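In: sequence unknown, structure follows:
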């Protein structure tokens, strides 16, 4: 009964996607909490924030594609009629499974806002501030590059610092919501177009998916068993008894040519 | 006996709806407690409050529609007599299941009132207040935009601040109740009209719903088994034995054309 | 033996009603403790108290009616001799089950008294108080509207405040008892009239109720099984084997017209 | 063996009565501890104490009568020889079960004495007290109405207050004992008269009570089963198979008139 | 059922790789936390940081290759047509398993950044610093070599120290991301080329891998059993009974030449 | 099933080696923590550090060789063609098992560095230090010999002390890494040469190892049983019954010569 | 299965030796911690340290020899060809088991060093110390005899005391290592010579040891059973029934001579 509910969960797309999203959230939380500190330099703040913001998204997307064995088969079909559309639909389902990780990472990282502040702490528009008039441009880049990591300046500076930080957090969370909404809308219209383009009815589709899963599992079982039987026959020929046999009555001593023979697997 | 009560709960619309509502409430509580802070800017306070207030409602509604497989089938029927009314009724039941999430999120978020204060902290009507007479309009937008996040001004300011906050909380909770009542009334009249328009009697309807559930489960079971049998026959033809067979007496070595053959699934 | 006592409790009207009442009490306690604060405005105090006092009662009553499936059947009978009286009696039992929630909520909320103080904190009769003579009417509405939420005024004000609060709590609890007594008396006379009007004897009534419960459960079981058998025959016709069969000897490959055929359920 | 001792307790009148009394005591304790505060007004103190003292007694008595199904049957007999006396005896046993709740509530509430002090804190006889000579009658009602809730006056006032409180507690507990004794004596003489008037011997009575319990349970079992059999026959006629049957060989498709037919239950 | 899921995990490449990565991370954390301290010398800081950075990577890579028994067989094939490509593919899978450890160690050690600071604390570009103008070159190497381990100098020195440390941490984490991205991209293009060059189809490949695993396990089982049977026959010849036999009736005392005989195993 | 996984672990070389390494690490940690203190003499510091560093390595190596029973058999073969190479390979496997302990002890003791500081605290190169110019050579050996155990001198001395200690820890850990790398490289090239020199194929080798293990276990079982049977026959001859027999009917009293006879075991 | 692994451990020489060593270590630790205090006399310090150092070693060695029953048999053989060498080998194995205790006790006691300091605290070479020049020889023995137990003298004395204590601890631990190395080397060369001198091959030896163990256990079982049978026959003769018999039909009353007879056991 345990394996019953195990497979029943395995089929559930919702459970697998929720697990992927929860794992991404937790991993991102730990990762940010431990290994994130702003450089607080002048030219290198941007790249530092954008790397954490973007790179793991690409990594996780490429992982979500490459870790699906079915993707390799469909690529082999493409790599050097109806079948084209069916391949497109399988690749579509693969994309649906894979895309959940980069977008959840991006959404949680933007909603938290910590990365964005560091990423765009130099682009702050400072035109109506009383302390920044006299300061030289280079000195301006220096004072502007210090705000996110820490505060050591007088109270007026920490005031303007907190105001800029609040503005940038707002911008970050707004980007997060724009991305969430755009992604859900795109996924909806994409499922709509996929259903519209499908040459199958609503019943043939279920038979199709079941056929795919059963076909893969059955061919792997059969191939493994047939190979084992052939190997067991090669060994019975060489030694003179079947490996599983009990109380074998005839044993054949191998010669010096038989070893040479069984060296090669005949593919 | 466990799966007995599991399916018995699965049928219960009341239990599923209560679970959806409890999960939405808890998720909203955590979400608000962790990632909510007002920008306390001048033009950007509104959008920030309205995003949290509205966007997750749209997200959850689109989710409640799209996650129901039956909706995809009915759309396929619509996508390029009595059947039209039956499709309308199924889509109606789907809507009934889906609508519970956005309205519970909206009701709990309005009753709590925290989002509304930030959302409409600029529109405060300040005409009979003694400190706001002399202040310039821009300075007025600046002092008005600071009240929700924190208080650093003298005691008179914190007094007027607390009064405005109480007024806005009142308005929020009133909107919450208006929405709850309007939604329940609309749901009631909608179920009434649906029952009135139904061409079925009170008994044919039960037979209908049972037929729908049984039809879907049975066709998926049958299709999966038939596909497995056909695949098991293709493998018996290629290898020479049935994958489940024990003590197979005849094994056929595949040729170089058979692999080419079994490459294609014949759809 | 577990399901034995489970159904035995399910039949018990007393247990179900006690559970409904306990759940309403607990929910009201939590709800009031968390999301209740007085606006302490001038015109908006009343509506705020009356909403919490009244709206959930209407909500819970409409819920207690609409969540009973039998009510839908009786409405369908009414919706576009002896049977009329029997329908009246069933609807009466439904009302008996449903009414327990709004009245328990109202009784507990009035006995607690917290809502009533806020609801009617403006209507206080202030004619024999020494501080309210000179105060202007608008200023009077302002001082009167502040008493429930908090006290910041001198000791004389907190004295008169506590006195008004005690008077209003008294009025609230008295209303609570009047409502409890009126409701119990009405329920008693209503059960009396229902028994008096019943055209059945004391024995035919038991047979009647048992007939109703058995009729509903049996027709749902039978209809579900018959639909499953018909579906299993349609699938045997299409595929060539019965879904439950083991070691099927004849498999029929479907054609391109059979899929079209089984697309429609024949209702 | 569990249901054995469960029914054995169910028969025990002593256990059921002890449970009712313990539940009433605990409920009264919680109720008084949470929702009881004196108004400390002038004209409204009395009604406030008398409501808590009396109303729940009436409520619980009407509940103890109305919750007994047998009472409904006997009323139906009365509602529009030996049988009259037997009905009187059944109604007598019902009264014996019902009366335990109001009298236990009254006894515990009077023995505690908290309600009585508030109920009769205005009627105090103040004729030999040195501070009450000069005070005007209205001022006297004001000072007299403040004693129970709290003490803020000088030490002489708190002295006379504590003395009045002790006197009223004494009166309350004395009333409690008078009520307990009167109730037990009345119950004793009432059981005596009931035994004296009973036209049955000491053995016919046991057979009678057993007959009543067995008659009710048996008729409900039989009626339910007979109704189920008749319903199962109506369904066999409509569908063509009995709902419990396994491997049904003949299935009859219903026509459009059969649904109309089975719509009505034939009562 | 335990060994079922044990082997099912054993097959999972993802689980084994995740376990290797987690173990490497934990071991690196402990190792760095306990046995890492900078020498804070002048010429020897570099080698000290580069050893920890690089050497364990080489060690773990050579371990990941050498601990795979299959690698020894393929090397024996190489050591003094289609088979060459198949050997290349097996060696490729071995590389895929092995490479996960050195790159995870390098990535975690660079992302942490502690090693890099010590490794390149001498190469700091000091051209625009006010305290380093006058200092002699040798004294410069001395002050520059002290920053990572500890701070004892005045506040200006600890300021410039913290700035250099932040710059070097930035450079380290950037190198970490460059390495992660380059490694994932190389692995992707490498799997692509391997799939492109594979002379097998998508089905022959599964049969191939299953054949390899079954062939190895079966030949080891068979060889062990055959050797045991031959040994049991040599012992039956020498002693006169089979080691497992019960109630042996004939025992042969060995002579002084038989011991000489059984001394040699005949290979 | 327990003994199943017990033997399966017993075969695992990796598990046994990991256990040996963990035990060596823990034992070394305890040993160093409890019984290690520097003498802080002048001529005797070196020997004291080198003993702990080196002696347990020799001890553990000789133990790893001598505790393997197979080593005794191969030595007996050597002690006063193909067989020589096979003996070399067995001795090689023994060495592979044995070498893991001394090198792990050496690596952990060097990486920790505590022993090395004491071992080479006299050889410190003191040529560019301001306090050591004037001090006489003997006094120099005295001040130099005190640094590791404790510090009682002024702050300048503890400064130079900490610097020397850091330098020596660096040298120790560098030696540790050099030893680890040299050992792994030597083990790799040694396994390579052993595989290259092996006159067996990749399959004959598995049969060989299995033959060795089975041969040893079987001959010990057979020899023990045969000896027991012969002894049981000597006792049956002397006493007149077989030791395991039940309900022996004939008992023979031994004479005074039989005891003399059974005194000798006939070897 | 429990006795299976119990005997399997019993055979393991390594487990028994490890247990002996652990028990000796723990016992020595407790013994030293509780009952060890230096006399701090002049002539009696030496004997006190040497007793604890040496005597328990002799005790434990004599115990390890005398507690082995096989040693008694071999001594009986010696006490008033090939057999001499076989006896030598058995006595050798006994020595191997016995020697582990005295050497572990000596090694742990020397490595700890506490005993040695007390044992040789008088022999300290005091020739280059400034306080010991003037002191008279007897006074020198008095000051020298006080250092180990406690310190009450000025700081210069505690300095020279700690230095002497460190020197003596060094000497102790060096002796410990010399003893460990000498013992392991002697054991190795001794096992080598024993294997070299053994007239048996590598297989006859296993048969020999198994024969010895089986011979001892079997003769004890047989002798016990035969004696029990003879005793049971003497009792059957005297009483007239066999002690284990059930429902004995014939009972013989003993006479006054039979008691005299059964008094003697006939040896």
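Out: On my side now, so go ahead. Numbers count the residues shown, from 1 in each chain, chains lettered A, B, ... in the order given.

In: how about the residues of the stretch 1-150 of chain A near chain E?
Out: Remark: the part of the stretch 1-150 of chain A in contact with chain E comprises A:35, A:37, A:39-41, A:44, A:47-48, A:51, A:55, A:58-59, A:62, A:66-67, A:72-73, A:75-77, A:79-80, using Cβ under 8 Å from any Cβ of the partner chain. (Each C-beta comes from the backbone N, C-alpha and C, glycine too.)

In: which helices and strands does the helix or strand containing residue A:159 pack with?
Out: If you go by DSSP states H and E, residue A:159 is part of helix A:155-197. Secondary-structure packing of helix A:155-197 (3 or more Cβ pairs under 8 Å, 6 or more residues apart in numbering or on different chains; DSSP states H and E): helix A:82-98, helix A:100-112, helix A:114-119, helix B:45-66, helix B:69-78.

In: closest to residue B:161 out of those?
Out: Across the helices and strands packed on helix A:155-197, residue B:161 has its closest neighbour in helix B:45-66 (14.7 Å, Cβ to Cβ).

In: can you give me the angle the closest one makes with helix B:155-197?
Out: 20 degrees (axes from the mean of the first three to the mean of the last three Cα atoms, to 10 degrees).

In: and the angle for helix B:45-66 with helix B:69-78?
Out: Using the same axes, to 10 degrees: helix B:45-66 against helix B:69-78 is 80 degrees.

In: how about helix B:45-66, does it reach chain A?
Out: Yes: using Cβ under 8 Å from any Cβ, helix B:45-66 comes into contact with chain A via B:47-48, B:51, B:55, B:58-59, B:62-63, B:66.

In: off-centre distance for that helix?
Out: How far helix B:45-66 lies from its chain's middle: 11 Å, per Cα atoms, centre = their mean, to the nearest Å.

In: repeat that for stretch A:173-190.
Out: Here the centre of stretch A:173-190 is set off from its chain's centre by 18 Å, with Cα atoms, centre = their mean.

In: residues making contact with that stretch?
Out: Outside stretch A:173-190, the residues that touch it by Cβ atoms under 8 Å, 6 or more residues apart in numbering or on different chains are A:92, A:96, A:99, A:103, A:106-107, A:110-111, A:113, A:116, B:35, B:47-48, B:51, B:55, B:58-59, B:62-63, B:66.

In: quick one, the helix holding residue A:159 and helix A:82-98 angle?
Out: Using the same axes, to 10 degrees, helix A:155-197 lies at 150 degrees relative to helix A:82-98.

In: does residue A:233 belong to a helix or a strand, and which?
Out: Residue A:233 belongs to helix A:204-239 when assigned by DSSP H and E.

In: hmm, that helix in reach of chain F?
Out: No: using Cβ under 8 Å from any Cβ, helix A:204-239 never reaches chain F; the gap is at least 9.6 Å.

In: ok, is that helix in contact with chain C or not?
Out: Yes: under the criterion of Cβ under 8 Å from any Cβ, helix A:204-239 makes contact with chain C via residue A:204.

In: could you check that helix against chain E for contacts?
Out: Yes: for helix A:204-239 and chain E, the contact criterion (Cβ under 8 Å from any Cβ) is met by A:219-220, A:223-224, A:226-228, A:231-232, A:235, A:239.

In: now do that helix: which elements does it pack against?
Out: Judged by 3+ Cβ pairs under 8 Å, 6+ apart, the packing partners of helix A:204-239 are helix A:256-262, helix B:204-239, helix E:204-239.

In: in JSON lines: the ones you listed, plus distance to residue C:122 and mean neighbour count.
Out: Formatted as JSON lines, those follow (distance: least, Cβ to Cβ, whole Å; neighbours: other Cβ atoms under 10 Å in any protein chain shown):
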{"stretch": "helix A:256-262", "distance to residue C:122": "101", "mean neighbour count": "12"}
{"stretch": "helix B:204-239", "distance to residue C:122": "52", "mean neighbour count": "18"}
{"stretch": "helix E:204-239", "distance to residue C:122": "81", "mean neighbour count": "18"}
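
In: can you put those helices in JSON lines and add distance to residue G:135?
Out: JSON lines is the format used below for the helices and strands packed on helix A:204-239 (distance: least, Cβ to Cβ, whole Å):
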{"stretch": "helix A:256-262", "distance to residue G:135": "88"}
{"stretch": "helix B:204-239", "distance to residue G:135": "103"}
{"stretch": "helix E:204-239", "distance to residue G:135": "80"}
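
In: look at residue A:3 and give its secondary structure.
Out: Secondary structure, DSSP: H, G, I helix; E, B strand; the rest coil: residue A:3 is helix.

In: neighbours of it, how many?
Out: Burial of residue A:3 is recorded as 11 neighbouring residues (other Cβ atoms under 10 Å in any protein chain shown).

In: also residue A:202?
Out: Counted with other Cβ under 10 Å, the neighbours of residue A:202 add up to 18.

In: excluding sequence neighbours, find me the nearest residue to it.
Out: Computed as Cβ to Cβ, 6 or more residues apart in numbering or on different chains, the closest residue to residue A:202 that is not its neighbour in sequence is residue B:73, at 4.5 Å.

In: likewise residue A:244?
Out: Nearest to residue A:244 is residue A:232, by Cβ to Cβ, 6+ apart, at 7.7 Å.

In: and for residue A:258?
Out: Closest to residue A:258 by Cβ to Cβ, 6+ apart is residue A:238, at 5.4 Å.

In: quick one: contacts for the one you found?
Out: A:252, A:254, A:258, A:261-262.

In: again, but for residue A:105
Out: A:24, A:28, A:56-57, A:60.

In: just flag the most distant two among the residues of helix B:45-66 next to chain A.
Out: B:48 and B:66 (27.3 Å).

In: please say which of these two ends up with more neighbours.
Out: Neighbours per residue, other Cβ under 10 Å: of residue B:48 and residue B:66, the larger number sits with residue B:48, 23 against 16.

In: wait, the more buried one sits on residue B:117?
Out: No: using Cβ atoms under 8 Å, residue B:48 is not in contact with residue B:117; the gap is 11.7 Å.

In: before we move on, the earlier item: just the buried ones from the residues of helix B:45-66 next to chain A?
Out: B:48, B:51, B:59, B:62-63, B:66 (16 or more other Cβ atoms under 10 Å in any protein chain shown).

In: okay if I get those as JSON lines plus distance to residue C:157?
Out: Putting these into JSON lines (distance: Cβ to Cβ, whole Å) gives the following:
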{"residue": "B:48", "distance to residue C:157": "40"}
{"residue": "B:51", "distance to residue C:157": "44"}
{"residue": "B:59", "distance to residue C:157": "50"}
{"residue": "B:62", "distance to residue C:157": "54"}
{"residue": "B:63", "distance to residue C:157": "53"}
{"residue": "B:66", "distance to residue C:157": "59"}
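
In: closest one to chain G out of the residues you listed, please.
Out: Checking these against chain G with Cβ to the nearest Cβ, the nearest one is residue B:63 at 56.5 Å.

In: got a list of what residue A:157 touches?
Out: So residue A:157 contacts A:131, A:143, A:151 (Cβ under 8 Å, 6+ apart).

In: ok, now how distant is it from residue A:147?
Out: 8 Å (Cβ to Cβ, to the nearest Å).

In: brilliant, that's me finished.
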